[PDB]
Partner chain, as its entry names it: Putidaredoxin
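Here we start with a single chain on its own, the form solved without the partner chain, put down as structure tokens.
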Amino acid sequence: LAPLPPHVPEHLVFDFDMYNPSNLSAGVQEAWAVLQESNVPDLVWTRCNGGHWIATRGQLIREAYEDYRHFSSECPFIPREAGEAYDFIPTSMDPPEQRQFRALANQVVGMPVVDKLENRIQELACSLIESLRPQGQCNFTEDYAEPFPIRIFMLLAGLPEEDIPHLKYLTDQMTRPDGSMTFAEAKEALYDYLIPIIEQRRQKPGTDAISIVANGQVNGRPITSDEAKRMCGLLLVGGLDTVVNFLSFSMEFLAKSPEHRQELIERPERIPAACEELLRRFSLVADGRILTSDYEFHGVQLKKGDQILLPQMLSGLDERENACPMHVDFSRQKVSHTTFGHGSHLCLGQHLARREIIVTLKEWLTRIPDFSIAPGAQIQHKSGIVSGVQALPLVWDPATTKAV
């Protein structure tokens, strides 16, 4: 517990630990939802993780994401040292400089790219699932959720399949840390992999994402090598743990809810809506911002340099915006969430991510309509900037399945 700053009133202190919240055993969204109990104010200060604010309600979360002038992305992670070291593009930039970098990134992971990749996304899902189907078991996180998005990235980035276990090694070191290296070191090791590739594709561009970013123009001039690297690191990591962990949450839920599986089998037209309602219920990101100036917000004095956690996760779980928020209803009306963020940094990958989710749901239930959690296994969640599932052992009777 860091010393409480004298500008912070004691009545706003609530020592939530985003990397190890109490009651994690109840589920990680449930653990974060403690922040929305009736005796917790809308904006609190936690002394954990160096000390920082947390906005606990959708209205404040969206407001702060809109107000980039006060709430800057230059240090967007807790703890401060990680946020300081972090320099990916565009996530560590504010508008207006951010806008042209975001437009360049949009050309390589935005919507039209989706239609070009869609046949490979479909084929990859089907091939992975058929490999598992006859076995009657898998560790879903390891056997489907991890290989699916990284294979898609390698295709969009024009990288060879054999590079996958090394890239995985490198991203795990960053995003699945064990305290052996600092964020800065893991980040540099990732940059070491990308720097030669960007050099190569600046001399000899192709039509892959790295070539397009590395040869782009921004605010009137060519992008530098360093800018390209910082963009490519985000394009790699952006759709990896988010998708891995979101799919895992979704499949845990479906494994525990035969009635919702049957619903999507009998009414496949509801799968897009189901995707949105799972994105709401199993929202999983929590990053934040740094104050650019002293600012009073919702009656609370914020100080220049204070960090504020703005959990994307919480908006859709807020009872003030969605009734019975922990309940999953594929027929829910007025589904609201900020799962993909809000404001100037609203996820560029969201159309790709929804395609990945919808293809998985449809192709999984087509071949393996009936499955359960392995008997006896205790599913464990993890919490942090991207919350997730540690492992997801599933079982089924292969006689209930079909090759398609």
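Residue numbers count along the first chain shown, from 1.
Beyond the structure shown, there is the form solved in complex with the partner chain, which is absent from this document and is the topic of what follows.
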Can you say which of 199 to 207, 104 to 112, 282 to 290, 302 to 310 gets within 4.5 Å of the partner chain in the deposited complex, counting heavy atoms only?
104 to 112
Is residue 30 close enough to the partner chain in the deposited complex to count, meaning some heavy atom within 4.5 Å?
no
According to a 4.5 angstroms non-hydrogen atom cut-off, is residue 256 in contact with the partner chain in the deposited complex?
no
Report yes if any heavy atom of residue 370 sits within 4.5 Å of a heavy atom of the partner chain in the deposited complex; otherwise report no.
no
4.5 Å heavy atom contact, residue 348 to the partner chain in the deposited complex
yes
Consider the chain as shown here, without its partner, and state which of 342, 362, 47, 70 has a heavy atom within 4.5 Å of the partner chain in the deposited complex.
342
Can you pick the one in 99, 327, 166, 320 that has a heavy atom within 4.5 Å of the partner chain in the deposited complex?
99
Going by heavy atoms, what in 56 to 75 lies within 4.5 angstroms of the partner chain in the deposited complex?
66
